[PDB]
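For reference, coords.pdb is printed below; it contains PDB, C-alpha atoms and all ligand atoms.
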```
MODEL        1
ATOM      1  CA  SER A   2       9.613 -17.107  -6.482
ATOM      2  CA  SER A   3       6.530 -14.965  -5.824
ATOM      3  CA  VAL A   4       5.118 -17.022  -2.911
ATOM      4  CA  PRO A   5       6.543 -17.285   0.629
ATOM      5  CA  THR A   6       8.115 -20.700   1.073
ATOM      6  CA  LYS A   7       9.272 -23.063   3.811
ATOM      7  CA  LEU A   8       6.681 -22.193   6.430
ATOM      8  CA  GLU A   9       7.463 -23.978   9.685
ATOM      9  CA  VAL A  10       6.980 -23.942  13.429
ATOM     10  CA  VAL A  11      10.446 -23.122  14.772
ATOM     11  CA  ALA A  12       9.531 -23.148  18.489
ATOM     12  CA  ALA A  13       6.415 -23.865  20.533
ATOM     13  CA  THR A  14       4.960 -23.661  24.012
ATOM     14  CA  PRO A  15       1.764 -25.590  24.853
ATOM     15  CA  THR A  16      -0.244 -22.480  23.853
ATOM     16  CA  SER A  17       1.903 -20.458  21.460
ATOM     17  CA  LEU A  18       3.937 -20.861  18.293
ATOM     18  CA  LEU A  19       6.890 -19.035  16.780
ATOM     19  CA  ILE A  20       6.601 -19.505  13.000
ATOM     20  CA  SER A  21       9.153 -18.797  10.290
ATOM     21  CA  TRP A  22       8.983 -18.665   6.492
ATOM     22  CA  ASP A  23      11.240 -17.519   3.638
ATOM     23  CA  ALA A  24      10.351 -14.256   1.923
ATOM     24  CA  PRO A  25       9.509 -14.251  -1.794
ATOM     25  CA  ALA A  26      11.516 -12.224  -4.292
ATOM     26  CA  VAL A  27       8.669  -9.725  -4.913
ATOM     27  CA  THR A  28       8.714  -6.927  -2.332
ATOM     28  CA  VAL A  29       6.201  -7.452   0.505
ATOM     29  CA  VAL A  30       4.443  -4.659   2.399
ATOM     30  CA  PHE A  31       3.014  -7.022   5.053
ATOM     31  CA  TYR A  32       2.264 -10.691   5.563
ATOM     32  CA  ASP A  33      -1.283 -11.738   6.446
ATOM     33  CA  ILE A  34      -1.267 -14.638   8.936
ATOM     34  CA  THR A  35      -4.372 -16.631   9.790
ATOM     35  CA  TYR A  36      -4.769 -19.560  12.179
ATOM     36  CA  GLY A  37      -7.653 -21.826  13.264
ATOM     37  CA  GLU A  38      -8.695 -25.363  14.262
ATOM     38  CA  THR A  39      -8.031 -27.703  11.303
ATOM     39  CA  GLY A  40     -11.645 -28.873  11.624
ATOM     40  CA  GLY A  41     -12.905 -25.313  11.046
ATOM     41  CA  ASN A  42     -15.738 -25.247  13.592
ATOM     42  CA  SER A  43     -14.668 -21.745  14.739
ATOM     43  CA  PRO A  44     -13.771 -18.625  12.689
ATOM     44  CA  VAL A  45     -10.072 -18.124  11.827
ATOM     45  CA  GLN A  46      -7.982 -15.536  13.704
ATOM     46  CA  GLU A  47      -5.906 -13.098  11.613
ATOM     47  CA  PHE A  48      -3.172 -10.498  12.068
ATOM     48  CA  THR A  49      -0.539  -8.738   9.973
ATOM     49  CA  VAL A  50       3.274  -8.700  10.194
ATOM     50  CA  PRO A  51       5.580  -6.115   8.537
ATOM     51  CA  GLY A  52       6.936  -7.145   5.148
ATOM     52  CA  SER A  53      10.506  -6.883   6.451
ATOM     53  CA  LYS A  54      10.061  -9.840   8.848
ATOM     54  CA  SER A  55       9.762 -13.532   8.097
ATOM     55  CA  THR A  56       8.786 -14.735  11.581
ATOM     56  CA  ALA A  57       5.818 -14.301  13.877
ATOM     57  CA  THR A  58       4.438 -15.354  17.243
ATOM     58  CA  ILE A  59       0.957 -16.828  17.627
ATOM     59  CA  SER A  60      -0.213 -16.882  21.238
ATOM     60  CA  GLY A  61      -3.314 -17.916  23.139
ATOM     61  CA  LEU A  62      -3.834 -21.286  21.473
ATOM     62  CA  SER A  63      -5.500 -24.325  23.001
ATOM     63  CA  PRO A  64      -3.266 -27.289  23.818
ATOM     64  CA  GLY A  65      -3.689 -30.621  22.076
ATOM     65  CA  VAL A  66      -5.536 -28.951  19.192
ATOM     66  CA  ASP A  67      -4.840 -29.314  15.478
ATOM     67  CA  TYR A  68      -4.275 -25.887  13.915
ATOM     68  CA  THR A  69      -3.995 -24.765  10.300
ATOM     69  CA  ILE A  70      -1.608 -21.808   9.944
ATOM     70  CA  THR A  71      -1.620 -19.834   6.698
ATOM     71  CA  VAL A  72       0.584 -17.015   5.415
ATOM     72  CA  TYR A  73      -0.253 -14.585   2.586
ATOM     73  CA  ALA A  74       2.147 -11.985   1.180
ATOM     74  CA  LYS A  75       0.672  -8.578   0.325
ATOM     75  CA  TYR A  76       2.881  -7.152  -2.425
ATOM     76  CA  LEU A  77       3.992  -3.553  -1.874
ATOM     77  CA  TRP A  78       3.988  -2.477  -5.536
ATOM     78  CA  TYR A  79       1.367  -4.842  -6.983
ATOM     79  CA  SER A  80      -2.304  -5.406  -6.364
ATOM     80  CA  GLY A  81      -3.491  -8.386  -4.373
ATOM     81  CA  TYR A  82      -1.791 -11.172  -2.490
ATOM     82  CA  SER A  83       0.555 -14.051  -3.125
ATOM     83  CA  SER A  84      -0.865 -17.534  -3.216
ATOM     84  CA  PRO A  85      -1.064 -18.857   0.354
ATOM     85  CA  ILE A  86       1.302 -21.323   1.960
ATOM     86  CA  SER A  87      -0.115 -23.246   4.898
ATOM     87  CA  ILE A  88       0.914 -25.893   7.429
ATOM     88  CA  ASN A  89      -0.782 -27.963  10.095
ATOM     89  CA  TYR A  90       0.546 -28.108  13.637
ATOM     90  CA  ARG A  91      -0.852 -29.875  16.677
ATOM     91  CA  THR A  92      -0.181 -28.127  19.969
TER      92      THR A  92
ATOM     93  CA  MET B   1      10.869  21.990 -16.469
ATOM     94  CA  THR B   2      10.990  19.933 -13.262
ATOM     95  CA  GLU B   3       9.812  16.298 -13.252
ATOM     96  CA  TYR B   4       8.226  14.593 -10.232
ATOM     97  CA  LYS B   5       8.027  10.794  -9.940
ATOM     98  CA  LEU B   6       4.886   9.974  -7.957
ATOM     99  CA  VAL B   7       3.816   6.534  -6.721
ATOM    100  CA  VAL B   8       0.283   5.577  -5.613
ATOM    101  CA  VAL B   9       0.080   2.731  -3.076
ATOM    102  CA  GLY B  10      -2.515   1.179  -0.808
ATOM    103  CA  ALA B  11      -4.837  -1.751  -0.335
ATOM    104  CA  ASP B  12      -6.867  -3.328  -3.125
ATOM    105  CA  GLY B  13      -9.882  -1.433  -4.349
ATOM    106  CA  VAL B  14      -9.462   1.794  -2.345
ATOM    107  CA  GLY B  15      -9.437   3.688  -5.647
ATOM    108  CA  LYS B  16      -5.756   4.137  -6.508
ATOM    109  CA  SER B  17      -6.393   3.881 -10.260
ATOM    110  CA  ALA B  18      -9.589   5.977 -10.026
ATOM    111  CA  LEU B  19      -7.808   8.939  -8.422
ATOM    112  CA  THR B  20      -4.994   8.815 -11.036
ATOM    113  CA  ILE B  21      -7.422   8.635 -14.013
ATOM    114  CA  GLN B  22      -9.464  11.530 -12.523
ATOM    115  CA  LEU B  23      -6.312  13.633 -12.205
ATOM    116  CA  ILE B  24      -5.166  12.971 -15.808
ATOM    117  CA  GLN B  25      -8.498  12.534 -17.660
ATOM    118  CA  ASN B  26      -9.561  15.462 -19.861
ATOM    119  CA  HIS B  27     -11.362  15.993 -23.191
ATOM    120  CA  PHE B  28      -8.256  16.006 -25.430
ATOM    121  CA  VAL B  29      -6.488  12.972 -26.821
ATOM    122  CA  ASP B  30      -4.493  11.487 -23.951
ATOM    123  CA  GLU B  31      -1.359  13.586 -24.468
ATOM    124  CA  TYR B  32       0.936  10.619 -23.686
ATOM    125  CA  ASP B  33       0.648   6.860 -24.133
ATOM    126  CA  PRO B  34       3.461   5.615 -21.864
ATOM    127  CA  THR B  35       4.865   2.242 -22.881
ATOM    128  CA  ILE B  36       5.642   1.325 -19.256
ATOM    129  CA  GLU B  37       2.363  -0.247 -18.170
ATOM    130  CA  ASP B  38       0.394   1.608 -15.458
ATOM    131  CA  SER B  39       2.451   4.835 -15.854
ATOM    132  CA  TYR B  40       0.907   8.238 -16.514
ATOM    133  CA  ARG B  41       2.344  11.607 -17.521
ATOM    134  CA  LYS B  42       0.697  15.019 -17.259
ATOM    135  CA  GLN B  43       1.944  18.647 -17.096
ATOM    136  CA  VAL B  44       0.553  21.049 -14.488
ATOM    137  CA  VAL B  45       1.205  24.386 -12.819
ATOM    138  CA  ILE B  46       1.649  24.146  -9.045
ATOM    139  CA  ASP B  47       2.377  27.449  -7.262
ATOM    140  CA  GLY B  48       3.634  28.776 -10.612
ATOM    141  CA  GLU B  49       6.178  26.064 -11.404
ATOM    142  CA  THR B  50       5.250  24.298 -14.649
ATOM    143  CA  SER B  51       5.863  20.681 -13.705
ATOM    144  CA  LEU B  52       5.635  17.274 -15.358
ATOM    145  CA  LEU B  53       4.069  14.494 -13.284
ATOM    146  CA  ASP B  54       5.110  10.918 -13.980
ATOM    147  CA  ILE B  55       2.656   8.859 -11.943
ATOM    148  CA  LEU B  56       3.210   5.174 -11.260
ATOM    149  CA  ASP B  57       0.109   3.204 -10.310
ATOM    150  CA  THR B  58       0.128  -0.009  -8.352
ATOM    151  CA  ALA B  59       0.287  -2.514 -11.210
ATOM    152  CA  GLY B  60      -1.454  -5.838 -11.593
ATOM    153  CA  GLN B  61       0.449  -9.011 -10.829
ATOM    154  CA  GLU B  62       0.668  -9.841 -14.548
ATOM    155  CA  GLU B  63       3.080  -6.857 -14.771
ATOM    156  CA  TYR B  64       5.554  -8.252 -12.266
ATOM    157  CA  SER B  65       9.220  -7.995 -13.136
ATOM    158  CA  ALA B  66      12.258  -7.687 -10.905
ATOM    159  CA  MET B  67      13.057  -4.389 -12.590
ATOM    160  CA  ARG B  68       9.615  -2.908 -11.978
ATOM    161  CA  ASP B  69      10.053  -3.760  -8.269
ATOM    162  CA  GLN B  70      13.324  -1.794  -8.295
ATOM    163  CA  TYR B  71      11.957   1.069 -10.359
ATOM    164  CA  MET B  72       8.997   1.717  -8.019
ATOM    165  CA  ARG B  73      11.143   2.532  -5.001
ATOM    166  CA  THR B  74      12.857   5.344  -6.913
ATOM    167  CA  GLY B  75       9.579   7.264  -6.678
ATOM    168  CA  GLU B  76      10.127  10.667  -5.119
ATOM    169  CA  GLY B  77       6.842  10.802  -3.227
ATOM    170  CA  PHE B  78       4.099   8.413  -2.306
ATOM    171  CA  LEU B  79       0.341   8.711  -1.880
ATOM    172  CA  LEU B  80      -0.818   6.453   0.974
ATOM    173  CA  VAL B  81      -4.408   5.755  -0.083
ATOM    174  CA  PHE B  82      -7.093   4.127   2.032
ATOM    175  CA  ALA B  83     -10.874   4.016   1.580
ATOM    176  CA  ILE B  84     -12.999   5.559   4.347
ATOM    177  CA  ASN B  85     -15.476   2.641   4.135
ATOM    178  CA  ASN B  86     -12.717   0.011   4.516
ATOM    179  CA  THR B  87     -11.212  -0.328   7.980
ATOM    180  CA  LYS B  88      -8.490  -2.855   7.135
ATOM    181  CA  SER B  89      -7.267  -0.541   4.361
ATOM    182  CA  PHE B  90      -6.753   2.185   6.971
ATOM    183  CA  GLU B  91      -5.290  -0.235   9.527
ATOM    184  CA  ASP B  92      -2.594  -1.340   7.081
ATOM    185  CA  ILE B  93      -1.447   2.170   6.075
ATOM    186  CA  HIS B  94       1.386   2.120   8.650
ATOM    187  CA  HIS B  95       2.852  -0.942   6.910
ATOM    188  CA  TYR B  96       3.033   1.115   3.701
ATOM    189  CA  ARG B  97       4.803   4.042   5.350
ATOM    190  CA  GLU B  98       7.155   1.750   7.264
ATOM    191  CA  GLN B  99       8.183  -0.423   4.299
ATOM    192  CA  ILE B 100       8.541   2.427   1.802
ATOM    193  CA  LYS B 101      10.926   4.135   4.218
ATOM    194  CA  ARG B 102      12.741   0.814   4.651
ATOM    195  CA  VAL B 103      13.236  -0.025   0.967
ATOM    196  CA  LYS B 104      14.375   3.559   0.283
ATOM    197  CA  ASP B 105      16.734   3.417   3.305
ATOM    198  CA  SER B 106      15.561   6.956   4.021
ATOM    199  CA  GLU B 107      14.198   8.706   7.094
ATOM    200  CA  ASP B 108      12.352  11.489   5.218
ATOM    201  CA  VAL B 109      10.231  10.285   2.304
ATOM    202  CA  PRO B 110       7.659  12.799   0.985
ATOM    203  CA  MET B 111       4.254  11.289   1.658
ATOM    204  CA  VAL B 112       0.595  12.324   1.788
ATOM    205  CA  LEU B 113      -2.119  10.347   3.536
ATOM    206  CA  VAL B 114      -5.213  10.105   1.312
ATOM    207  CA  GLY B 115      -8.648   9.023   2.545
ATOM    208  CA  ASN B 116     -10.774   8.243  -0.508
ATOM    209  CA  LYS B 117     -14.409   7.394  -1.313
ATOM    210  CA  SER B 118     -15.483  10.234   0.959
ATOM    211  CA  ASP B 119     -18.740  10.446  -1.020
ATOM    212  CA  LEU B 120     -19.929   7.091   0.358
ATOM    213  CA  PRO B 121     -22.415   6.830   3.249
ATOM    214  CA  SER B 122     -20.832   3.714   4.773
ATOM    215  CA  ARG B 123     -17.966   5.389   6.617
ATOM    216  CA  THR B 124     -16.021   3.124   9.002
ATOM    217  CA  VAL B 125     -12.899   5.294   9.518
ATOM    218  CA  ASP B 126     -13.179   8.584  11.388
ATOM    219  CA  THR B 127     -11.644  11.734   9.903
ATOM    220  CA  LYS B 128     -10.141  12.368  13.360
ATOM    221  CA  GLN B 129      -8.353   8.985  13.215
ATOM    222  CA  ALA B 130      -6.802   9.765   9.849
ATOM    223  CA  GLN B 131      -5.811  13.275  10.945
ATOM    224  CA  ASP B 132      -4.210  11.857  14.108
ATOM    225  CA  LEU B 133      -2.275   9.256  12.121
ATOM    226  CA  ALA B 134      -1.103  11.821   9.552
ATOM    227  CA  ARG B 135      -0.023  14.168  12.348
ATOM    228  CA  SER B 136       2.052  11.413  13.981
ATOM    229  CA  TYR B 137       3.847  10.957  10.657
ATOM    230  CA  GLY B 138       4.227  14.703  10.116
ATOM    231  CA  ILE B 139       2.571  14.377   6.709
ATOM    232  CA  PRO B 140      -0.570  15.984   5.294
ATOM    233  CA  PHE B 141      -3.953  14.275   5.211
ATOM    234  CA  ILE B 142      -6.333  14.945   2.326
ATOM    235  CA  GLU B 143      -9.884  13.636   2.033
ATOM    236  CA  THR B 144     -10.827  12.769  -1.549
ATOM    237  CA  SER B 145     -13.504  11.326  -3.796
ATOM    238  CA  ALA B 146     -12.622  10.059  -7.238
ATOM    239  CA  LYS B 147     -16.345  10.053  -8.020
ATOM    240  CA  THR B 148     -16.977  13.752  -7.317
ATOM    241  CA  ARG B 149     -13.326  14.780  -8.014
ATOM    242  CA  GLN B 150     -13.166  16.379  -4.555
ATOM    243  CA  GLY B 151      -9.585  16.818  -3.370
ATOM    244  CA  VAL B 152      -8.023  14.845  -6.259
ATOM    245  CA  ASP B 153      -5.903  17.810  -7.354
ATOM    246  CA  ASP B 154      -5.141  18.834  -3.760
ATOM    247  CA  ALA B 155      -3.862  15.304  -3.054
ATOM    248  CA  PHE B 156      -1.355  15.161  -5.899
ATOM    249  CA  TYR B 157      -0.336  18.844  -5.677
ATOM    250  CA  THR B 158       0.285  18.583  -1.941
ATOM    251  CA  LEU B 159       2.494  15.580  -2.671
ATOM    252  CA  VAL B 160       4.435  17.699  -5.160
ATOM    253  CA  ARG B 161       4.801  20.512  -2.618
ATOM    254  CA  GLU B 162       6.169  17.950  -0.143
ATOM    255  CA  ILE B 163       8.773  16.700  -2.625
ATOM    256  CA  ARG B 164       9.801  20.348  -3.083
ATOM    257  CA  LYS B 165      10.064  20.952   0.694
ATOM    258  CA  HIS B 166      12.237  17.812   0.842
ATOM    259  CA  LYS B 167      14.730  19.021  -1.773
ATOM    260  CA  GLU B 168      14.497  22.564  -0.289
TER     261      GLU B 168
HETATM  262  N1  LIG C 201     -18.150   6.021  -4.623
HETATM  263  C1  LIG C 201     -16.816   5.964  -4.938
HETATM  264  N2  LIG C 201     -16.326   4.882  -5.600
HETATM  265  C2  LIG C 201     -15.008   4.804  -5.930
HETATM  266  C3  LIG C 201     -14.117   5.907  -5.560
HETATM  267  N3  LIG C 201     -12.894   5.587  -6.005
HETATM  268  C4  LIG C 201     -12.977   4.369  -6.609
HETATM  269  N4  LIG C 201     -14.237   3.920  -6.577
HETATM  270  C5  LIG C 201     -14.691   2.627  -7.102
HETATM  271  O1  LIG C 201     -14.001   1.622  -6.335
HETATM  272  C6  LIG C 201     -13.747   0.479  -7.177
HETATM  273  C7  LIG C 201     -12.259   0.163  -7.241
HETATM  274  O2  LIG C 201     -11.508   1.342  -7.583
HETATM  275  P1  LIG C 201     -10.012   1.211  -8.201
HETATM  276  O3  LIG C 201      -9.504   2.566  -8.675
HETATM  277  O4  LIG C 201      -9.875   0.106  -9.234
HETATM  278  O5  LIG C 201      -9.183   0.788  -6.886
HETATM  279  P2  LIG C 201      -7.632   0.363  -6.899
HETATM  280  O6  LIG C 201      -7.550  -1.148  -6.896
HETATM  281  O7  LIG C 201      -7.049   0.950  -5.634
HETATM  282  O8  LIG C 201      -6.887   0.937  -8.100
HETATM  283  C8  LIG C 201     -14.262   0.849  -8.560
HETATM  284  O9  LIG C 201     -15.603   0.358  -8.684
HETATM  285  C9  LIG C 201     -14.275   2.365  -8.541
HETATM  286  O10 LIG C 201     -15.196   2.878  -9.496
HETATM  287  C10 LIG C 201     -14.708   7.044  -4.843
HETATM  288  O11 LIG C 201     -14.000   8.021  -4.490
HETATM  289  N5  LIG C 201     -16.018   6.989  -4.586
HETATM  290 MG    MG C 202      -5.567  -0.330  -9.416
HETATM  291 NA    NA C 203      11.962 -16.613   8.391
ENDMDL
END
```
Transcribe the structure of this file into structure tokens.
Amino acid sequence: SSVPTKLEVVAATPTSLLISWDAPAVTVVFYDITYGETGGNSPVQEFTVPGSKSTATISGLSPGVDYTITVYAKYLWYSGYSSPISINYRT
Amino acid sequence: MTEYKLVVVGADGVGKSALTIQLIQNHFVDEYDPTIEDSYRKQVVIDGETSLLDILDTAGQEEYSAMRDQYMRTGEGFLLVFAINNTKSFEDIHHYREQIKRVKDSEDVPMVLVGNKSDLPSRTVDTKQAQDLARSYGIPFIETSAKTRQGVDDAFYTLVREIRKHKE
């Protein structure tokens, strides 16, 4: 597999999420994580996580809101990014 | 004659291929046609030592193979390339240093920080920032332009000198 798999919310507070995924086989330099309201009215927020991790914390969310969370793998030795995996989660 | 395995890494489009072509390109027939895709060989004289440079570029995704992934971490020295008009490319450099060290399980990996496209007017990364980052890593920082050829040779030759200092 070249794409991160099995993206999921492992734990949640009313305003934050701890997300987990399974690393691809291809070596990753960093994961690119974006999150925003599933509607899309506002711009998405984005941050990077080291390629050696497969979890992350998203904080500062609004409660009772539908969010789309998306993970991209940046390959260390190859140009470009994996295909995205994404999930929806309602705080 | 000593060989040096050199790997060029960094974000998309910062000019990793351009710097490698500019270092190899001459007016002869290309002295080698390596069969490993995105590899490049060239002989040079650094500080007197006549050295052969095997240079691995960041390959396209069509070249993925599990063995290529393994082969790339055996590189002896790495150019961390960002583009001075691309802030994210500079902000992600630390990931490259961190993960290269990790996959090599080594605490001292010869490395040079390279700030490219220095001919462009649209600078978004300050020389001082790059110098400060390179200092914190204890590695050299070289400002380059693949268009004007500024610093291209200094970048790769400094990386060779760092590999030497590593092996003592
Ligand atoms: N002005 C300028 N353009 C550059 C420089 N280096 C690369 N480019 C251009 O940037 C684009 C992408 O460069 P490329 O080498 O493919 O980046 P790579 O994906 O890191 O290998 C191309 O249009 C190059 O011609 C530079 O130093 N100065
Ligand atoms: Mg390239
Ligand atoms: Na995980």
* Asked: Nearest to ligand MG 202 (chain C) among A:90, A:85, A:20, A:79, with distances taken over only C-alpha atoms and all ligand atoms: which residue is it?
  ->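 For ligand MG 202 (chain C), the nearest of the given residues is A:79.
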* To do: Enumerate residues in contact with ligand MG 202 (chain C): an atom-to-atom distance of at most 7 Å, counting all atoms listed in the file. Format the result as a ChimeraX atom specification.
  => /A:80 /B:13,15-17,57-59
Grab the residues selected above and save them as a compact mmCIF listing (two decimals), keeping the file's coordinate frame with C-alpha atoms.
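What landed in part-v9.txt:
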```
# COMPACT_ATOMS: atom_id res chain seq x y z
CA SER A 80 -2.30 -5.41 -6.36
CA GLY B 13 -9.88 -1.43 -4.35
CA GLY B 15 -9.44 3.69 -5.65
CA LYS B 16 -5.76 4.14 -6.51
CA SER B 17 -6.39 3.88 -10.26
CA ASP B 57 0.11 3.20 -10.31
CA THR B 58 0.13 -0.01 -8.35
CA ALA B 59 0.29 -2.51 -11.21
```
* To do: Given the file shown, enumerate the residues that the ChimeraX specification (/A :<9) & /B captures and present them as a PyMOL selection string.
  => chain B and resi 8-13+57-61+63-66+68-69+72-73+92+95-96+98-100+102-103
* Kindly resolve the PyMOL selection byres (((chain A and resi 86) around 6) and not hetatm) on the present coordinates and return the residues as a PyMOL selection string. => chain A and resi 71-72+85+87
* To do: Determine the residue set returned by the PyMOL selection byres (((chain A and resi 59-66) around 6) and not hetatm) for the present structure, and present it as number ranges by chain.
  => A: 15-18, 58, 67, 91-92
Where's the centre, and what are the edge lengths in Å to one decimal, of a box along x, y and z enclosing all listed atoms of range 22-41 of chain A padded 5 Å per side, as lines of an AutoDock Vina configuration file?
```
center_x = -0.7
center_y = -16.8
center_z = 4.7
size_x = 34.4
size_y = 34.2
size_z = 29.2
```
* When you draw a straight line from CA of residue 149 in chain B to CA of residue 126 in chain B, how long is it in Å? ->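 CA of residue 126 in chain B lies at a distance of 20.4 Å from CA of residue 149 in chain B.
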* To do: Could you give me, as a count of residues only, the residues within 9 Å of range 113-125 of chain B, counting all atoms listed in the file and dropping anything in the same chain fewer than 2 positions from it?
  => 36
* Name each residue within 10 Å of ligand NA 203 (chain C), counting all atoms listed in the file, as a ChimeraX atom specification. => /A:5-9,11,20-24,54-57
